[PDB]
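Encoded as structure tokens, the following chain is the form solved without Taurocyamine (3S5), with no partner shown.
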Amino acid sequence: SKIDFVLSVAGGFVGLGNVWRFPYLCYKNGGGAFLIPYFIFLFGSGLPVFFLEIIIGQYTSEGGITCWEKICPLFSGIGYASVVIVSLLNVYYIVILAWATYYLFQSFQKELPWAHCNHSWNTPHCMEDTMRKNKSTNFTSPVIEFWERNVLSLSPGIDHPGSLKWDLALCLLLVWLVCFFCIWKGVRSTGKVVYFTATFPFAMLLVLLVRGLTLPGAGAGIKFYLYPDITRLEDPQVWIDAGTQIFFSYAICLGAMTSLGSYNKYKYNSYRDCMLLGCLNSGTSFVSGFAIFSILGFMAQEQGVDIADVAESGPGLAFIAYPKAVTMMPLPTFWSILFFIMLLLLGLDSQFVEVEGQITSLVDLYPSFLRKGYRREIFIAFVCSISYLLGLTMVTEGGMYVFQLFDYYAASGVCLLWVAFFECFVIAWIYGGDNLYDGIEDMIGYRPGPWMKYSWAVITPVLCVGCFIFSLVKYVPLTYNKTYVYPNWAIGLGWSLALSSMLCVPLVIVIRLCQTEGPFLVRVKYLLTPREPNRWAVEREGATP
């Protein structure tokens, strides 16, 4: 049937990129004007690049970096670019789990601290959500006050780091301690039975979806979610966010799908897997968007404010809407523990794979010094120790702004499109899209349609290049919560994170040509020759020509 096939592919597609990132990127970019580029990218580059990464991984049986070594010795810097991207992602991504751990710890009491605002951290302008319309014109919300004046202690700006938050600092250590021990002891990403680690996130989502859709104001929120705005489409930013939100959700361009695809058998039909997993992953984001955008509709009518100004147009919308949802449920404390355990579980499985993803890449990149044993065990703590130290800048009072810089630049925006464009440029144009099908029809048993070939050859390069050009022409600098303008150096620092990964592609190109000897035309030609991509003879595998 189909349930066994769904059980076969497990439930690792859903992550924090679906329940935390997509809700606020859609919220930041107006309403439904995010969905049009979202689906355009999903069906033009998202699924095509995802299947391309999986099919290369299973074609070469090689990880993130060595796969490019086999496919095209030139442009091999895509692996190192993916390594830098995943390193910065690991640095700033566990901060979300630190926030989730802090929320979970604070939820272990009789009364949820963010239900009412009568505590020390609350601004005198706070008013209860019910009392805002039941009876200094701007009145802030008790949920927002907990997030900004307790969890974040937001400082006037990124130029005011303030004092390190010790309560958050320990929480950032605990998740790294959890991540350190699990990776070092070889613990599987999903613990014991995978059923609980997979069905529980869905079970809580339907609980939140049912509550959200039943809320009195949910009608307005869904209209905001779905009905698009043509004017917002002219902005090149919404195409940057939607294009890379697909890439973030699918964990492509990170070198993780290629490693995941390397374990598939040569005669395995991954095409149905990628199509199913892609639709399930994006289908969750669209469906879970209904849950969170229904709460905002209820929140907006409760406070008598616009939907676009009811919450934070940045990270922490899932830490503002979802904690608000669990407050309007029977036994609110019980659901808050469950949601933030689900939120913690979803991040941990993603972080276990990615941190081990680079650690496996890093040790294999530099052997003879990272031997499996006393050398690897100290290395695992080394990566975690350094990633914890760089992650400590996002724990300070002004750490929220640094987190937004990393979210916008480190593993999103132009850096992700830079890798995705070069993956499709090498395969479709240098290697040849037709040459890849000759492998695929041998591999999955049947040659696919012309969708994939006409997506790597034209659609993805046009989408990636077109977004990059118009973002530079209509350059709008990054802002946090649509009211804070970043200092010029901060954008320069943010661009360095994007440039550090992007510069890997041209730098390795220079390195390879200088290393090789001979005529330049022969030199570049030699580095463009695939080193027997599928050299495996263990399985009934045909030769590349």
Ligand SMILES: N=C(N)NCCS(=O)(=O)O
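Only the largest set of C-alpha atoms that superpose within 1.5 Å between the two forms is called the rigid core. So that there is no doubt, residue numbering starts at 1 and follows the sequence shown.
The protein also exists as the form deposited with Taurocyamine (3S5) bound; that form is not presented, and the subsequent description refers to it.
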Distance check, residue 249 to Taurocyamine (3S5) in the entry with it bound, heavy atom within 4.5 Å: yes
Are any of the heavy atoms in residue 23 no more than 4.5 Å from a heavy atom of Taurocyamine (3S5) in the entry with it bound? no
Evaluate residue 311 for contact with Taurocyamine (3S5) in the entry with it bound, applying a 4.5 angstroms cut-off between non-hydrogen atoms, and reply yes or no. no
I'd like to know whether residue 350 contacts Taurocyamine (3S5) in the entry with it bound, with contact meaning heavy atoms within 4.5 angstroms. yes
Answer key: of 340, 93, 408, 147, within 4.5 Å of Taurocyamine (3S5) in the entry with it bound (heavy atoms) is 93
Which residues from 1-40 come close to Taurocyamine (3S5) in the entry with it bound, meaning a heavy atom within 4.5 Å? 12, 13, 14, 15, 16, 17, 18
Select from 393, 301, 262, 190 the only position whose Cα moves 2 Å or more between the shown form and the other one when the core is aligned. 190
Shift of residue 227 between the shown form and the other one at or above 2 Å (CA, core fit): no
When the two forms are laid on each other by their rigid core, does residue 366 show a Cα shift of 2 Å or more between the shown form and the other one? yes
Taking the shown form as the reference, report whether the CA atoms of residue 190 and residue 83 lie closer or farther apart in the entry with it bound; the distance changes by 3 angstroms or more. farther
Direction of the Cα shift between residue 15 and residue 10 in the entry with it bound, where the change is 3 Å or more: closer
